[PDB]
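As structure tokens, one chain now follows by itself in the form deposited in one PDB entry.
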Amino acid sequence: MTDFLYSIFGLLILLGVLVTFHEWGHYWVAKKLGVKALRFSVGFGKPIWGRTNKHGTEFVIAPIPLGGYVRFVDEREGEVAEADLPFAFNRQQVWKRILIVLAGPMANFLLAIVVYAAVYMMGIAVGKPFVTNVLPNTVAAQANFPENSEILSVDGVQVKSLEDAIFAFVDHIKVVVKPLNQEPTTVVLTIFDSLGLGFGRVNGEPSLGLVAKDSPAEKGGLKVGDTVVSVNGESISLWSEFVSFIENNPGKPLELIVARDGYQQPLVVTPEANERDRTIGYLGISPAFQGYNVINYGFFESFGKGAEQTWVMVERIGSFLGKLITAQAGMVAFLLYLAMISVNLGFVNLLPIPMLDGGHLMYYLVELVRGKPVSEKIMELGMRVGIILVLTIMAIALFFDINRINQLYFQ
């Protein structure tokens, strides 16, 4: 049992990171506001780690990470020394404790955002928008689209994915597409059925780019750079024909002729079918052409797009809650799952449940409502906050127009 190790390792890392950042949001906001923390507990069970801060805060860690808390100085929960009252939770104005309670979920969302922004820089793999077929008597039929072609830029905006293609087609007709062999063309032009286009697997030359070790292709003599010119005496021209011959012949020997180093090499390969379905042949090769696009982002935009993705996630959670009442493998997927679980936690722990942060939010909101000893004061902040807004959004609005100058008739 070795997969168990990495699995529970990722589980513990995810849970620890989420709980630790929630409690650290609570702790750091309370500390910056002037509230002294008494205990910083992460996980349930018996303490496996324990250390006292210079401010008497006891950070403790237990081995079952399913929750945690941050206990502050509070007269409602115990005796407070006369010299510690100015650092007590309850001795602060109501808005301070409101922000302290709100800090947790916010923290979660914040983490989500940054994690999303972290995976938008590393590069995300999407599927190439490869038009496999064209329909008759459609808008694309008169325009004569290419059989097997890849979209490059529709109506000006450069797209590298299918979802991006449909989002551009609903954003707004010029279509720059790349067919096999010949160069890009701006064709004089599901949802694509309105136009007469169909998507599918990418096609190309029967050239080899990868050959797995100890595979039937490697044992038969296939090498990288080989271009299969014929299978069983029949000449082929597309990678799809090659994979057709491979799948249709599980265990039967195929006699290939490949173009290699300027000459022609004859080979023999016996593709073997896998365990899940011993009806589809397989020998272990990859096409020399790519079928993946790599979406990259600048981090100054990756942050905003991760925020938008978190908003999409929380609206999805809202839809799911109202109803209730591509593959980019690697660690990059683990980080996405971690951020999604973080969003789930930041949503669920904000529900007006008595012992959760939402219940505390409700309690301090009704306490603020009951406590109205001054007028025209609540309005005062109402401007002093907005000022900051109309200042900070100004600063960026300045900096934005500053960064466009730093960039800037050849033909």
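In this text, the rigid core denotes the largest set of C-alpha atoms whose superposition between the two forms falls within 1.5 Å. The first residue of the shown sequence is 1; numbering continues from there.
In what follows, reference is made to the form deposited in another entry, a form of this protein that is not presented.
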**Fill in**
Of the residues 28, 59, 363, 69, superposed on the core between the shown form and the other one, only the C-alpha of one moves by 2 Å or more, and that residue is 363
**Prompt:** On a core-based superposition, does residue 390 travel 2 Å or more at its Cα between the shown form and the other one?
**Reply:** yes
**Message:** Once the core is superposed between the shown form and the other one, does residue 9 show a C-alpha displacement of at least 2 Å?
**Reply:** no
